[PDB]
Every structure is written in structure tokens, then in C-alpha cells.
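Engineer: Below is the sequence, then the experimental coordinates.
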Amino acid sequence: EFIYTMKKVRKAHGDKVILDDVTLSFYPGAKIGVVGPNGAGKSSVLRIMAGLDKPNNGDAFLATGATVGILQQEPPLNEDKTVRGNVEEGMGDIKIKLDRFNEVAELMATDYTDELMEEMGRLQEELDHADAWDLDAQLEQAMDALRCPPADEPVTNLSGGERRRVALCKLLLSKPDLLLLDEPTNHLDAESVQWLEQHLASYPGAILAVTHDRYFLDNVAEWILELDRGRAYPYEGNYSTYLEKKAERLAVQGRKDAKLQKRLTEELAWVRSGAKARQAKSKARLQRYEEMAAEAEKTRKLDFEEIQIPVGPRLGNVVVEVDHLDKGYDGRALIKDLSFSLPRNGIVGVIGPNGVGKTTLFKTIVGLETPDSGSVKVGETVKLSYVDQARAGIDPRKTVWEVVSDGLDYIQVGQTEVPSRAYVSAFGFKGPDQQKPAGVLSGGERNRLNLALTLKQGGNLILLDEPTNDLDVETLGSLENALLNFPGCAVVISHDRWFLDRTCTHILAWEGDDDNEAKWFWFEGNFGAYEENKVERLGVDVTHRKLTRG
Amino acid sequence: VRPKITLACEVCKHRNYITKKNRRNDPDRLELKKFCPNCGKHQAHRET
RNA sequence: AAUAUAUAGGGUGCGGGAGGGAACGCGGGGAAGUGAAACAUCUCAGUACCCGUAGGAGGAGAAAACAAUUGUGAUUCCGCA
RNA sequence: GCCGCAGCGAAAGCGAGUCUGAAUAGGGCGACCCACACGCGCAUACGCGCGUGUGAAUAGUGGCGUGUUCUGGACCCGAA
RNA sequence: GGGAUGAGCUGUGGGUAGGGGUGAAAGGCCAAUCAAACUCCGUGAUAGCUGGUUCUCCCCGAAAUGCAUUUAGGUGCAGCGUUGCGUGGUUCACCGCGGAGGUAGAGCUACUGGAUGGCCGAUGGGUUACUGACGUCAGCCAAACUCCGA
RNA sequence: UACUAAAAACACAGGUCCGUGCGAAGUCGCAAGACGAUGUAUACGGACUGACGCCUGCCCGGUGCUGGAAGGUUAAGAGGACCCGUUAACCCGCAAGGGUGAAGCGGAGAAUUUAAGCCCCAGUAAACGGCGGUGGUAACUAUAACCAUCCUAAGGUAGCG
RNA sequence: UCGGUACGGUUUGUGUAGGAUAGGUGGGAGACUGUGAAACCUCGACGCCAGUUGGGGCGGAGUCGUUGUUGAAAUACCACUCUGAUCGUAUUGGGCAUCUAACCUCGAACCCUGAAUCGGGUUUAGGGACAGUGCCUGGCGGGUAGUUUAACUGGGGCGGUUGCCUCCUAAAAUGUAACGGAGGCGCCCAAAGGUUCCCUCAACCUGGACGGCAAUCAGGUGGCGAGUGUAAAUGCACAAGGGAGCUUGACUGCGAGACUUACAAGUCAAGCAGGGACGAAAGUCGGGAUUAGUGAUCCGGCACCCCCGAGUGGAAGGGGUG
RNA sequence: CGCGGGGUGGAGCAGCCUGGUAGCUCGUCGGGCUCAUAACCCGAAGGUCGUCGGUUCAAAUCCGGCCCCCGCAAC
RNA sequence: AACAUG
Ligand SMILES: Nc1ncnc2c1ncn2[C@@H]1O[C@H](COP(=O)(O)OP(=O)(O)NP(=O)(O)O)[C@@H](O)[C@H]1O
Ligand SMILES: Nc1ncnc2c1ncn2[C@@H]1O[C@H](COP(=O)(O)OP(=O)(O)NP(=O)(O)O)[C@@H](O)[C@H]1O
Ligand SMILES: [Mg+2]
Ligand SMILES: [Mg+2]
Ligand SMILES: [Mg+2]
Ligand SMILES: [Mg+2]
Ligand SMILES: [Mg+2]
Ligand SMILES: [Mg+2]
Ligand SMILES: [Mg+2]
Ligand SMILES: [Mg+2]
Ligand SMILES: [Mg+2]
Ligand SMILES: [Mg+2]
Ligand SMILES: [Mg+2]
Ligand SMILES: [Mg+2]
Ligand SMILES: [Mg+2]
Ligand SMILES: [Mg+2]
Ligand SMILES: [Mg+2]
Ligand SMILES: [Mg+2]
Ligand SMILES: [Mg+2]
Ligand SMILES: [Mg+2]
Ligand SMILES: [Mg+2]
Ligand SMILES: [Mg+2]
Ligand SMILES: [Mg+2]
Ligand SMILES: [Mg+2]
Ligand SMILES: [Mg+2]
Ligand SMILES: [Mg+2]
Ligand SMILES: [Mg+2]
Ligand SMILES: [Mg+2]
Ligand SMILES: [Mg+2]
Ligand SMILES: [Mg+2]
Ligand SMILES: [Mg+2]
Ligand SMILES: [Mg+2]
Ligand SMILES: [Mg+2]
Ligand SMILES: [Mg+2]
Ligand SMILES: [Mg+2]
Ligand SMILES: [Mg+2]
Ligand SMILES: [Mg+2]
Ligand SMILES: [Mg+2]
Ligand SMILES: [Mg+2]
Ligand SMILES: [Mg+2]
Ligand SMILES: [Mg+2]
Ligand SMILES: [Mg+2]
Ligand SMILES: [Mg+2]
Ligand SMILES: [Mg+2]
Ligand SMILES: [Mg+2]
Ligand SMILES: [Mg+2]
Ligand SMILES: [Mg+2]
Ligand SMILES: [Mg+2]
Ligand SMILES: [Mg+2]
Ligand SMILES: [Mg+2]
Ligand SMILES: [Mg+2]
Ligand SMILES: [Mg+2]
Ligand SMILES: [Mg+2]
Ligand SMILES: [Mg+2]
Ligand SMILES: [Mg+2]
Ligand SMILES: [Mg+2]
Ligand SMILES: [Mg+2]
Ligand SMILES: [Mg+2]
Ligand SMILES: [Mg+2]
Ligand SMILES: [Mg+2]
Ligand SMILES: [Mg+2]
Ligand SMILES: [Mg+2]
Ligand SMILES: [Zn+2]
């Protein structure tokens, strides 16, 4: 009747609570959307529902025979293959018991003959449970819909941000009855989300997403679950209905607490100054100050320090010269015949779907690559700063402070001697929260940590690669209003189309079709011009794939 | 900041010892070799 | 009778009720001071006082009862427990 | 019928013992007589282990008196 | 002395009853009694408070302290009296002997704090009138100073 | 203020505010009833003020009263996931035992639905109530008509001392 | 008029290859002339491949069909039903509206009624399943009622103090009062605990790049003047103080004999065994150099022991140990 | 006597409680505009955060004890 | 539409 249900659930440290009194319940087919700020507990609720952790109070009770999947905020894999990335979970109770049916039928005669009736027929019983057991012709069904990489290559550095396309195929093949997909639209395309839109719509089974897109929240979701910092409140309706009734709620809450804060100060002097006023009653009126001042500090949350990018040396007049570069691999044809300068004091945007080669183009510039037939002039005044797409500089065992400081005391950032602990809290880690391991940090504080160890050089040429992931609108605005005030050459790879309309001066973009798949067009102007230049120069200016039989 | 934790054995899960640790110094659960009387020999003990 | 079936009401005739009493009984209402070394739960107490109402006595009563692998066989009252 | 007639234990219980304990380890509460002779693997000597009596002294319950006490007005007088 | 044809005075008969009446309002008045009348009953209310307690002799004889108290004028337990049964010099004094001390005293080139005259001389003051240390020979002081010590 | 207080105390005429559309409001009563009144907003009860003349300034934050479509929190009633006691049967073994358990009957019951009030938003001071500081500046001094500034719901106007 | 349940007919679904798998499972040569070429056409579903034989208003003749064979399967056709949609009956609940008949009337009229502003009855005029009342339930409530409101105090009131730890007062055992004189506490430590092995400090004189009155170096004199997680006192150089290795005794079952003490409590302990840590061993360890860092009883909560189980089996509850 | 606030650039003041950065309004010094001073506009200078130090990598802030300033205090 | 005075 209920797929999932919760008692008075309180997952917490006793010093710092992260969930508190989370009492709610879900139906079958309950398409849910989860919204909230960073630091609320949105991923520590989807972690209880998949059994990957246990609460410190209250029972979390899945239904009887409904299985649950999960896609965490960083997706793990195995280091074996790509078609291995459709057998580990997903088709895992059929594939592991598929070769054994072909192994039990090797025609032994001295070993056993009539014991093939209670084990080989028992394996014949479990193949009817899945209603299909050829498993081969219906596994290119699962990779010609995600547009997966070719299935015969391992997930080494060979895979970029289509690592997520594989982890959206281990999960969406198990078909769980409770589907906990936590931010599926990281690193995807202008059409990879557009595939996932039509797939999560007609989907028998419950869905909990912690997404930020607007097609899921306005048309697929039916319940919206706000996560306040520790609290949890359900609501009913799509996201257009949610924000209207959210607006009138924070209206009458905005002057609920104004006259509350006015009351505490009006009887602050009543309890501090002039304690001559009443004898032997004062221990009954003083407690009503404390009982409203201890609940005035459970919503006093307005301490949000700004993201600030430090400034180092004077940037000259030449930054990146690309001398007719070609780049590729054996048989592969990425970047071909590209020449562009890089404008001093200008945000540069990169446009392209997954699999064109955006993040290798920065690896040339720092030095992690070498061009095949071409050259890149660095210019003796720039200073690189490379934040990577895969966030590979995070060592998930040692604490936060040891990742960015390397155990030192002062680190060299802005041609000064900054005390390296003060450089940590500049990106939002106040004091005793240096001492917690980085592998368990939030999606905001793993993106407010990758900016720490990569902007540690004060460089006047910073190469932002997916900066708009897993961070809310209070920091996203505090980023884009902090890399406008930066004196030179921020270069950004992004997929948020409503981010490059804010902060762009130049666009490098892919425009390849069936004559050559490795063109790169350069543009002088913002994103609100390239979307109009494209329709007046080219002609390119759907038909959904099912992922299963039905 | 010094809560009182109880220590339970690994095999029989009985609760034999209560003690105090500091919670901002030691976030994870302690492990000690203490004497379980129901087993008759020293065993390992986590928290609850 | 209003108003038609008819009731309300009215005339006549036989019976009966009412008030009193010292305690005792049965049903119903029901305090406080006091004790708690203050006090509210609690006590004092279902007492004091009140209300209906009997009879020489009243109430109870002929198992929709008790007991425990045996068994007593309606109720009241005094002794133990 | 009450109190004596056997105690230990939270209790099942076991019983001159019982509870705690893994323990014929230690405790807690409770039982258990010499001044002999004889007897005694007898010991320098000294009575421990065990004997018939030489017949070590335990003992409670019920009346009526007195002192104090418990419940009732409770030694007597006294409020607003 | 004030009102004295008005919101006047008065006679006769009537009405309102106790946490209620009535009040041109003072907590005033309701049978000489009113911040809640009187009479009877619960009732021999209760009072850590006050006053009283009646014939005789013989023996022995206190305490006014400790600790706890919604307690300081009360009370529980101990201390100290008496008496019954047990124990028998165990108590007490003086003498000899074995022990712990840091009081009075005194001492401070033995310490921690003070503290007074010379020799001595850094920092401050006006190139040196003054500040004169830490040190150093004599004289001092101490409930929270003691190498000592009745 | 019968019995120490006759006044500056109360009352009064007039003034304003709030209640009340009629077996009204208020009041005595557990109720039926009664007064209000054999009255009907120019009437009737409540509040403060107290002839008459001139006047009755500023503040709606606090706390009352009045009116509010919402929004948050909220009682019973409804709702009865999940869990627990029992055992017809079915398991394994020592048939002194251990494990799963439909139906019926029971205990405990979370989600969800649900009102005034409270919060909140407006009006009201002839509602209860409140109505400030520091520093500088003018042809000797003295003093500030003017300025800077903080705090407030708003900073004491007319008249008097 | 808006929603839940129950039943029933219709309708719904498009990777690529094939005349869009007409969705799953189980069957099966059937449909009879309904050509599709009227319309909300193309079944009016999706309007993505632009089409899935049924509100069919030229018809009664010809029908996507069986035959064709690309693909896990194309193939007509009904029946059972999945995530949806859409109409129809039955039942129930919520909202507003209407009706009269339960209830309401101090609207009128006529009777009992001779004398009646009571009461009841009849007829009529209106209100109407609201009101009122009953049982449960929240709100409001000095409008009334029962009561509490500590003690010490050089008389009470305003201030201050109340337990625990150390010193002085305290009169050389112990103890000793005041609103006497000074100060601390309601912790902290997973090592700053246990053990085993080593080490001697602060100040100063002489000398030494930066380097100073004092940072580190080297040599002399230095018996305790430093240090002790915390306040003081008694200790501590033999170290209880500085450093390192391995570890959990920051134990379970007990404890003869004592100090203190009105009682309740508080404190110490050799040693016996189970099992460990350290150490070659002797042995040492039942937390911290010691003395503060806490709170009686009752009522409850949790984990274990399966002790009693209101006829019996269990269970509820009670009980023991933490 | 005792209680309880407060000290942030010449004057008035935010920043704290919820540790890393010192800021705003007038004024003061220099430029500009005007015939010239006001007004206005652009740029500056100015603080050991009252002082003596405790923890911390780091104290305007957390922490006490001292020094001034203010408020309130007797029957 | 701003413009105060020797
Ligand atoms: N290590 C590698 N060696 C060879 N080829 C590679 C490697 N990594 C990626 N590729 C190829 O390059 C393509 C794109 O490279 P990639 O590093 O993913 O940059 P990218 O396009 O920015 N990834 P993304 O940010 O998700 O779009 C992939 O589709 C592969 O074909
Ligand atoms: N194991 C943990 N221990 C302590 N804090 C944690 C732990 N896991 C997460 N947190 C923090 O608790 C909050 C829970 O957030 P989390 O569920 O981890 O992601 P989220 O921030 O709530 N959603 P998102 O911002 O998209 O990552 C964040 O502030 C985390 O940094
Ligand atoms: Mg997340
Ligand atoms: Mg990439
Ligand atoms: Mg550690
Ligand atoms: Mg009679
Ligand atoms: Mg009473
Ligand atoms: Mg009383
Ligand atoms: Mg009493
Ligand atoms: Mg008394
Ligand atoms: Mg009879
Ligand atoms: Mg024994
Ligand atoms: Mg007698
Ligand atoms: Mg006269
Ligand atoms: Mg006269
Ligand atoms: Mg006269
Ligand atoms: Mg009275
Ligand atoms: Mg009595
Ligand atoms: Mg008396
Ligand atoms: Mg004598
Ligand atoms: Mg006594
Ligand atoms: Mg005696
Ligand atoms: Mg002697
Ligand atoms: Mg002697
Ligand atoms: Mg001394
Ligand atoms: Mg002396
Ligand atoms: Mg001296
Ligand atoms: Mg001198
Ligand atoms: Mg002395
Ligand atoms: Mg008089
Ligand atoms: Mg008179
Ligand atoms: Mg007089
Ligand atoms: Mg009037
Ligand atoms: Mg009325
Ligand atoms: Mg009016
Ligand atoms: Mg008024
Ligand atoms: Mg007046
Ligand atoms: Mg007047
Ligand atoms: Mg208001
Ligand atoms: Mg209101
Ligand atoms: Mg004036
Ligand atoms: Mg009602
Ligand atoms: Mg009262
Ligand atoms: Mg009130
Ligand atoms: Mg007193
Ligand atoms: Mg006094
Ligand atoms: Mg002494
Ligand atoms: Mg002495
Ligand atoms: Mg150690
Ligand atoms: Mg040591
Ligand atoms: Mg302990
Ligand atoms: Mg003992
Ligand atoms: Mg020992
Ligand atoms: Mg041992
Ligand atoms: Mg060994
Ligand atoms: Mg200590
Ligand atoms: Mg009690
Ligand atoms: Mg039973
Ligand atoms: Mg139980
Ligand atoms: Mg025990
Ligand atoms: Mg100027
Ligand atoms: Mg002029
Ligand atoms: Zn164990």
C-alpha cells in the first residue's frame, strides 16, 4: 500500500544535526521532486531509502517485495569493461545465472545424469521469471537509447562525462519499484536530458529526483518535497503550483518573524536593566525570554560568505594562441583546423555535446596533453588554473584542510602569504568543519572544494570546467557575480543554457555534420547572438527510444 | 560534548560497559578489547 | 367542545390518599474544619446535614455463583482468614 | 484458628543448610554442648575425628499486674 | 448653627436575606454586634502558642553541645542522667618507656611577601641636580613566610 | 462614615464614546418566567467626565475592543499502512523442543482528511496607556533663532507654574 | 455539482528492419461482403513515420484479412487484466439550492370558558432539518472558589549568601563559629590511562651570522629556585617532571581488617580465582601526584537473565542483573 | 560603599553573540565647477579597535581581572 | 525642468 514509510527519523551527529523528525510516507507511482538549499539533507534522505545507511532513531521501512535503486551524487563503477557496466546491477540476477545454465548442460555422464532435473530445470524456472533470457539482442536495446560509448573499451580516462550515461544504464535496467535518482542531469547534453525527460514520464514505479530542471518538475512530478535544514515538509502539485503557495507562505512568514524580533528587543531591557521591578516572580517571567530566544536561534541562518576569486599578476596582451591545431586519436576525429586567440578580460564559453572533446582542449593549454599536428603558444605572462571535470584532485580519505593546504601553514595564492586555514573558510568551511573527510561532503561542498585546490595560484587564466553542478541559486548567483569582477580570461565549459546567457563574451562551439565531424566555430559576442547567427548560416537550426520492450 | 556511550560485544551483542568519550575529537565508534563475562574471554566492543 | 370519527373537559356514585412518631432499614443528593508538620491528588467520609419512602423488622435470595483437574450447591448475621 | 515447631532465597526451589559464582574460592544470613574416663592411624604434650551415658542446659505459650506506646476527644482549659 | 413648598419630613400596610440584600459610594447599613449578620448542628474544631495539673519519704542525678531539618522559640538521632541483666578493673590519675607535630618563641646569605640608612648604578628627567633598580656590608617586620622549635 | 471624619468626597444639569432592530441589550433565575417597558434608536442599559465661556494638540508600537479572503499551528470524530498476542495446518529434530504461519477474535496504532481560537493583516486613544538625549555655532561675556546626529510607536502643542 | 468504492461496455501504447509488435499472457483459420472514396475526414485515442476496419447519412458489388515473411513476436479474433483516459447504472460521503412533515413562535383566529393578557387543544400565517437541548471535544474564563508566597539577618525590608574542594582564623593530634579574611568547582584526557626502558630542568657567567634583556648552538658553575591538564595546601629531582615502543586493568566474580561517622552515605585495602596488557624476569595495573567535577527515595525507559505466569497452555504484567 | 551598561579615525556610530576581511554618515586636507563664497561632484589622509594578557594556526569579536565614561541606587 | 547671496 505504501512503498516506503518513515517513523520519527533523526539521522544526525549530536553536535550538528542533518535530519530531524522526518515523518512522511509515499505511494506507488509517486513521482516526487525534491528541492532545497545546500546543507539541508536531500541526499541523506535518498541514502536511507536505498539501505546504504541507517538512522540514529526511527524506523525506515521499505515495502515487502519492492526493490529500490539508487544513483548517488558521485556515481561509482567498476574497472573492468563497458558491457560489464550493464551486468553488475540491472541484469545481474539473470546474467550471472545465464552462463551456469550453459555450464550445467555440458553433458557430463560419469558425474551425474538425473540430477539435471532439480538444478537445470530449476535454472529453467528462474529464466521464466524475467520473461526474456536471450539477453543479447535486448542489450543493444539498452545502449542504443542512452547513446552509450562503444561497448568494448574500459572506463579509464577513456570516458568523460558520459560516465553518467553508463550509470544511467546500470540503474534504469533493474527497473526498481522505488527509483532514487539523485541529480541525474549532471554533465548531460541538450538532448541527453531530453531523452531522460520522456523516459521518466511514462515510467511505472515511484520516482524521487533531486533535480533542478523544469520539464520534470512541472509535468512529471505530482508531489514536491521541500527539505528545510533538518526539517522535511511535503506538498502537493507540480512546481508551478509549489512556488505560488511557497510565495504567499514566505510572505506571512516574513512578518511573522519581524514582530517576533521586535518582541525580543522590547523585553530585552525588561529582563536586563532595572531588576528592582518585581521580587520572587522574576524567575517565572525570565524563562519566557529564554523560551523565545532559543527558538529565535533555530531559524537565524543568514550567514552566507561570498565566493571570491583572488587576483594576482597583470595580464598582458596575448593569452592563448592556437596555431592551426589538430587533435585526435587512432581513427577518431575530434578538433581539426582550429585557430583562435583568447581575449584579455573576457568570459569565454564552450559549447558542445558529450563526446566532442571539450575538456581535452583545456588539457592542451595547461600541459597535460600534447597536440598532434599543431602548437599552442602560452605567453610568458599568464598563469594557469585548471579545475577538472571529473574532480580528480579529491582524495576521499584525508580531511578537507589536508586536500587544499597539503598540511602546510601558509600557501602561495595571490603573491602574498595567506594563512592557509583562512583560505579554507573563504570558500565556506567555518572552523571545526575542516575536520571531516572529503569523501562524504555535500554536492555543494565538493564543488566548494574543487574551486579551492584549483584557484590556489591566483592565476589570470582560469579554466572552469562544469562549474554549474550541484550548487543552488544563492551560490550560482554568487559565482556569476564574482567572475564578472575578475580582471581577465575566465574560460568556461558549460551545459546550463541559462548560465551562458548570463555571463559570456565569446563562444567556441562545435557545428559538425556528415562532411567532417571535427569543426570548431569561433564567435565574437554573447550567447544571445550565437543562437541567432546559427540559424542564418546553417540549416540544422525526438523519436524516442524505448530502452526496453515496454 | 562528553556523552555517555555504552559498549557492546561483537558476537553476543551484550552491553557490558558504559564510559565517556569526546565527540569532536572522536567522531567514529570506539573499539576496545574488553572482558565479556558471558563468553569468558576478551572480545572486541564497538559502540551503539 | 372547537370538529366530523372522536379525545380534552364536565355532572353523578362508590372506594383511597394527605399529617404525626425516639431509634433501627432501603434508594438518592452530599460538605468543611481536620490529617498530610504548608497544600491541590488524598484524607476526614459516603460520616454531619438533606431528599424520597417503608415495615415490625427491612434489604438480600433459589446460581448467567464459587472453586481448580478433587470438589461445595439460595440469602443474611457473628468468628477467623 | 493464632503463636511456637528450621532456615536461606527476588522467586522456581533446595534444606542443617541456602543464596551470589564458571568455583569443595571468599563472603552474607542461619544451624552445631564437654569437665571427663574409656575410646583415639594414638600424639613429647595438648583434643581435634567418633561412640552407649558420665544424662553440659536450651523454651516457648496463655492468664492477671506495672512502664511506655498505636488508634480514637486521649492530661485539662483557650481563639479569630 | 444648617434646610425649612422640595432631590422635603412623616404615619400606616407591603417587598428585597448573607458571598446575598441595599447603597446620591463611607466598606456604610441589614435588630446596641459587619472586609461577609444571628441561632443550632459537624464539635470536646484546630493551635510548633499561653495558662494550669492536687499526699509522702528514701537513693541517684542532668542538659542549654554535635549533625539533619519550609529549620533556628519546633523535632529525629547521638552526646550527657537513671535502672534491669551481663562483663570484671578494661576507666581514671601519677611514674618509667616507645611515638606524630610546626602553636608561643625566634630566625631570615634558607624561601615567598614586605622594608629602612650607606657603597654601588640600568631605565626615566634636565649631554647629566634628578629616577637609584637588580646586587651588596649592618639594623628590621609577617594569621594565609619557615633552616629551626618548646 | 447611626456611635471621633459633612469636606475639596458622592450626586446633579450638560457633554462624548461604546452596546442594543425588540419576549432587544443588560439583570434576577438550573429553567418556565420576570424587570427593562404596557417602552422601540429624539428610546433603553454600560463607561468615564461634570453648569457655563474658550478650548480638547501628537502617537495604533505594547495590551483591549471591532472587522478580515487567505497562510502557518491546532481537539474529538473519520481513516486503520506497518507491527504484536493467540493457533487450524504445515516444517525439522530429543516428538523435556526450535522455525514459518491462512481465517476468526484481540492489544497498540503512523500517514491523510477536519472548527473556533491563537498567530497575522487593517481601523479605533472622550479605550487602558506613552508623550527623550548628546555635541557645535551670533561684533566682550552670556544665551542659541540655525546645523550635524543618534534613538522612538510619537517626543509635552494651547494654557498655566 | 465535486470526489472514493463496486460492476460493466468502449478506447488507449510508434528504437531500428517488415504495409506505424492492435500493450502482456493463453488459445485459434476466421470475418461475410460493413469497398472507403460524406462528415468532429483519415474510428474523432497518440496527432512524435502523416493513422490504430466501427456515432459509417454511395452501399448490400468488390472488404488492412488467410496467401507475403524482414523480425524475441508482426498479423484477422474474442475472453481474463496492467499504467492511464472516457462515458453509463448502483451505493456512500462533502458543498450550495429547493420542498414539508420532525422541531420553533410573546403572529392572528376560534374552543375548554360562566368571570381568563396564564396553560392546553383546533385551524391558519410564517420560519425549517438551521435553531435549541443531551453525550463527547477544543477555546475563553479573577466572573466565583480553595490555597501557596522558604530560611539566615546583631529588630524586620532592600542587597547578599545556601551544596562540593584547599588554605588561614583553629590556641603545635582530630574537630571547632560569624553577613570573618583569600581563592576554585558543576570539568577536561581514547592519552594527559596501564606498563616497560631512558632523560634532568629554570635562571645565570664566557663565547658564537642574522639574534635584540630573552628564540636555537657549544662549554662551565647549578640539589632544586622550573615543571605538574585545572584553585590552594601537603608532595614530588629516587622522580609523581621531559621523550619513545607495544597496548586497553577507564576490567568481570569477591574481599579479611580498618579510617570516618547520629543515621543515611563517603574513603582505603593486602590477598584469592577467571581472563588479559606490558616485561627476559621480579612483578605492576580494579583509570588520572593526591583531595572538587555532582543528587537519596519513589515513578518510569532500555538491553539481557526466561525466575512467577490469578483453571491449563501461552500471553499481558510483575521480578532479578546492568 | 553596592548593583549594570559602555569604550570601534577630530565628533556621532554599525561590525560581536553565530573567530580569519575593519566599514558608513558628517567633518578635515588637495583638485574641479563659479565672477567669488555656499551647494554639488572626483580623489585622499586619519585608528596599536580603552588598556594590561588567557586559550587558538588566528581574537575588534571568545574569556576574565584592572582604568575612565554613563545609568540606577537609603526607612 | 535646475540657479540660494556679495
Ligand atoms: N583517454 C582517452 N583516450 C582516447 N580517447 C578518449 C579519451 N577520453 C575521451 N576520449 C574520446 O574523446 C571523446 C570526448 O572526450 P572527453 O574527454 O570526454 O571530452 P568531453 O567531450 O568534454 N567529455 P564531456 O565534457 O562530457 O562532453 C569521447 O567520446 C571519446 O571518444
Ligand atoms: N556523514 C556526514 N557527517 C556529517 N555531516 C554530513 C555527513 N553527510 C553529509 N553531511 C552534511 O549534512 C548536510 C546534508 O547534505 P547532503 O544530503 O549530504 O547533500 P545536500 O547538500 O543536502 N544536497 P546537495 O546540496 O545537492 O548535495 C550537508 O551539509 C553535508 O555536508
Ligand atoms: Mg546532493
Ligand atoms: Mg569532458
Ligand atoms: Mg586521536
Ligand atoms: Mg407517612
Ligand atoms: Mg480539605
Ligand atoms: Mg483547608
Ligand atoms: Mg494540613
Ligand atoms: Mg499543624
Ligand atoms: Mg422482604
Ligand atoms: Mg558458607
Ligand atoms: Mg486496670
Ligand atoms: Mg433653628
Ligand atoms: Mg444664613
Ligand atoms: Mg431658612
Ligand atoms: Mg467567610
Ligand atoms: Mg469529627
Ligand atoms: Mg484544644
Ligand atoms: Mg549527690
Ligand atoms: Mg531526644
Ligand atoms: Mg541507657
Ligand atoms: Mg603516660
Ligand atoms: Mg613523651
Ligand atoms: Mg601552619
Ligand atoms: Mg610570632
Ligand atoms: Mg628579603
Ligand atoms: Mg634601600
Ligand atoms: Mg608562624
Ligand atoms: Mg460620625
Ligand atoms: Mg444622618
Ligand atoms: Mg461630625
Ligand atoms: Mg447624560
Ligand atoms: Mg436576553
Ligand atoms: Mg448610538
Ligand atoms: Mg470608554
Ligand atoms: Mg470627578
Ligand atoms: Mg474638574
Ligand atoms: Mg494592531
Ligand atoms: Mg480578534
Ligand atoms: Mg509652550
Ligand atoms: Mg451543541
Ligand atoms: Mg481569589
Ligand atoms: Mg482578563
Ligand atoms: Mg525571617
Ligand atoms: Mg538586621
Ligand atoms: Mg589542628
Ligand atoms: Mg591544639
Ligand atoms: Mg602514554
Ligand atoms: Mg613520566
Ligand atoms: Mg569509568
Ligand atoms: Mg568488608
Ligand atoms: Mg591488587
Ligand atoms: Mg591473575
Ligand atoms: Mg610473556
Ligand atoms: Mg586531577
Ligand atoms: Mg516521594
Ligand atoms: Mg494463565
Ligand atoms: Mg516481558
Ligand atoms: Mg552480580
Ligand atoms: Mg574642499
Ligand atoms: Mg542676487
Ligand atoms: Zn561476548
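Structural biologist: Structure received. Numbering: from 1, shown residues only, chains lettered A, B, ... in the order given. Ligands and ions are numbered 1, 2, ... in the order given.
Engineer: Nearest to ligand 2: which residue in chain B?
Structural biologist: residue B:27 (7.7 Å; C-beta to the nearest ligand atom). Heads up, the C-betas are built off the backbone N, CA and C, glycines and all.
Engineer: what's the distance between that residue and residue A:14?
Structural biologist: With the distance defined as C-beta to C-beta, to the nearest Å, residue B:27 ends up 10 Å from residue A:14.
Engineer: Tell me which of these two has more neighbours.
Structural biologist: residue B:27 (12 against 9; other C-beta atoms under 10 Å in any protein chain shown).
Engineer: per the record, what domains does chain A have?
Structural biologist: Following CATH domains of a matching chain, one gets these domains for chain A: A:4-245, A:284-541.
Engineer: Take the ones you listed and write them to TSV, including distance to residue A:261.
Structural biologist: Shown next, in TSV, are these (distance: least, C-beta to C-beta, whole Å):
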stretch	distance to residue A:261
domain A:4-245	19
domain A:284-541	7
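Engineer: Indicate which one of those domains is closest to residue A:272.
Structural biologist: Set against residue A:272 and scored by C-beta to C-beta, the domains of chain A come closest in domain A:284-541, at 9.5 Å.
Engineer: now the end-to-end length of the closest one.
Structural biologist: The straight-line separation of the ends of domain A:284-541 (C-alpha to C-alpha, to the nearest Å) is 74 Å.
Engineer: now it, how far from the centre of its chain.
Structural biologist: Relative to its chain's centre, domain A:284-541 lies at 15 Å (C-alpha atoms, centre = their mean, to the nearest Å).
Engineer: does that domain come close to RNA strand G?
Structural biologist: No: Domain A:284-541 lies out of reach of RNA strand G by C-beta under 7 Å from any atom of the strand, never closer than 11.1 Å.
Engineer: close enough to count as contact, residue A:48 and residue A:59?
Structural biologist: No: look at residue A:48 against residue A:59 with C-beta atoms under 8 Å: they stay out of range, at 10.5 Å.
Engineer: anything in contact with each of the two?
Structural biologist: With contacts defined as C-beta atoms under 8 Å, 6 or more residues apart in numbering or on different chains, the residues shared by residue A:48 and residue A:59 are residue A:9.
Engineer: The two: which is more packed in?
Structural biologist: Remark: of residue A:48 and residue A:59, residue A:48 carries more neighbours, 21 against 10, as counted by other C-beta under 10 Å.
Engineer: residues near the nearest residue to that one once chain neighbours are set aside, how many?
Structural biologist: With sequence-adjacent residues excluded and distances taken as C-beta to C-beta, 6 or more residues apart in numbering or on different chains, residue A:48 is closest to residue A:60, at 5.0 Å. Residues lying near residue A:60 (other C-beta under 10 Å) number 18.
Engineer: Let me see the ranges of the helices in chain B.
Structural biologist: For chain B, helices defined by DSSP state H do not occur.
Engineer: OK, now which residue of it is nearest to RNA strand F?
Structural biologist: Relative to RNA strand F, the nearest point of chain B is residue B:13 (16.7 Å; C-beta to the nearest atom of the strand).
Engineer: Alpha carbons only: can I get stretch A:431-447 in CSV?
Structural biologist: Only the C-alpha atoms of stretch A:431-447 are listed here, as CSV (Å, rounded to 0.1, in the frame of the first residue of the first chain):
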residue,chain,number,x,y,z
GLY,A,431,36.2,26.4,11.9
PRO,A,432,35.7,22.9,13.2
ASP,A,433,34.3,21.7,9.8
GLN,A,434,37.8,21.4,8.4
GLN,A,435,37.9,18.2,10.4
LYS,A,436,35.6,15.9,8.4
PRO,A,437,36.6,13.7,5.5
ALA,A,438,36.1,15.0,2.0
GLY,A,439,34.5,11.8,0.6
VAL,A,440,31.3,12.4,2.5
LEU,A,441,31.0,16.1,1.7
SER,A,442,27.9,17.5,0.0
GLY,A,443,27.4,18.3,-3.7
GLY,A,444,27.9,21.9,-2.9
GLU,A,445,30.9,21.4,-0.6
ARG,A,446,32.6,19.1,-3.1
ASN,A,447,32.1,21.9,-5.7
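Engineer: Residues of chain B that sit close to ligand 63?
Structural biologist: By C-beta under 5 Å from the ion, the part of chain B that sits against ligand 63 consists of B:9, B:12, B:36, B:39, B:43.
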